[PDB]
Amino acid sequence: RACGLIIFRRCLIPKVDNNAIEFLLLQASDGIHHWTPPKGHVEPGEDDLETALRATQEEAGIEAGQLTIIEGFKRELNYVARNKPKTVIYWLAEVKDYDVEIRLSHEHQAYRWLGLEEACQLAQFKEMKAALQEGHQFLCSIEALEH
């Protein structure tokens, strides 16, 4: 069981920014080099949201002071990969600074910041695509309520 954060940043130059929201995906070092948001396995007695925060620091180098958890969104993914069951729980979090330094561990070899459509295409896997679409939809609905 793993927990992570769908990490996004806002792109606020309307004359040129194609996507007002970009999502962070990390490419795995091993296997077929999947692309996912930051995530990591739970620890005995650790709260699932604290696992997501810790795994984000470990996999992406993003520290808690650099993030803001967006309340109201959570998405649990259950799927089979390589004949093995996987559960991942994601919350949603915004980086404070567009230019936040991404530092990978040995587990990942690259990262991209992408608009929703391209994030979906790179993520490829249907439940991850759904989770990102749903995250984006949630962010738009909040912005409308605040607007």
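Start at 1 with the first residue shown and count on from there.
Engineer: Between 88-96 and 103-111, which has the higher average C-alpha B-factor in the PDB entry?
Structural biologist: Looking at the record's C-alpha B-factors, the answer is 103-111.
Engineer: Which is higher on average in the deposited entry, the C-alpha temperature factors of 74-82 or of 116-124?
Structural biologist: Higher mean C-alpha B-factor in the PDB entry: 74-82.
Engineer: By the CA temperature factor listed in this entry, which of these ranks top: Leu132, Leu139, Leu24, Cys11?
Structural biologist: If I rank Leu132, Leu139, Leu24, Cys11 by C-alpha B-factor, first place goes to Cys11.
Engineer: Using only modelled residues of the chain, where does the Cα B factor of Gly65 rank: lowest third, middle third or highest third?
Structural biologist: For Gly65, whose C-alpha B-factor we compare with every modelled residue in the chain, the answer is the middle third.
Engineer: Using the temperature factors of the C-alpha atoms in this entry, rank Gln57 within its chain: lowest, middle or highest third.
Structural biologist: For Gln57, the deposited C-alpha B-factor lands in the middle third.
Engineer: Lowest, middle or highest third: where is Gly31 by C-alpha B factor in its chain?
Structural biologist: Ranked within chain, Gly31 CA B lands in the highest tercile.
Engineer: What third of the chain does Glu43 rank in for C-alpha temperature factor, lowest, middle or highest?
Structural biologist: For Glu43, the deposited C-alpha B-factor lands in the highest third.
Engineer: Looking at the entry's B-factor column for C-alpha atoms only, identify whether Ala2 ranks in the lowest, middle or highest third of its chain.
Structural biologist: For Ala2, whose C-alpha B-factor we compare with every modelled residue in the chain, the answer is the middle third.
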